[PDB]
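Here you get one chain, nothing else, as structure tokens; it is the form deposited in one PDB entry.
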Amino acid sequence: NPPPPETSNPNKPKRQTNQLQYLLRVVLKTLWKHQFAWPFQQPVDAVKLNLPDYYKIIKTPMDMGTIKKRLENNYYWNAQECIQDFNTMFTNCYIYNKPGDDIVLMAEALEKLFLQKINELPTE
């Protein structure tokens, strides 16, 4: 298992927006309490889950805890960059698993909830 994705960067700037703020306090919290959050609340432990070549196939591991700690650190550039990390998290799951499997069903239920929540987002 590689190190978890970065949460800070010295060469990268920091800002917050009313949208990012909505992503943390509303979107991320909504998903975080979803029934199916827990496989995604922390980086995938490919070792202990026995995922073959997980980190060869998945070149951008993403997870809601990395998202979370990024949002609290205002690591992100804008709401766009944060949504994309969410999108990466679901996509990673559809790339690595057979369509129809439990985990994919779970990512799909989180994604649909995610989608409805991102419509509540204002444009800055």
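Residue numbers here begin at 1 and follow the sequence given. Basically, rigid core = biggest C-alpha set you can superpose within 1.5 Å across the two forms.
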With reference to the PDB entry, specify whether the mean Cα temperature factor is higher for 21-29 or for 8-16.
-> 8-16
Ranked by mean Cα B-factor in the entry, 34-42 and 73-81, top stretch is 73-81
Residue selected from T66, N97, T91, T60 by maximal Cα B factor = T60
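Below, we turn to the form deposited in another entry, even though it does not appear here.
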Which residue in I58, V26, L51, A37 stands out, with a C-alpha shift of 2 Å or more between this form and the one not shown when both forms are set on the rigid core?
-> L51
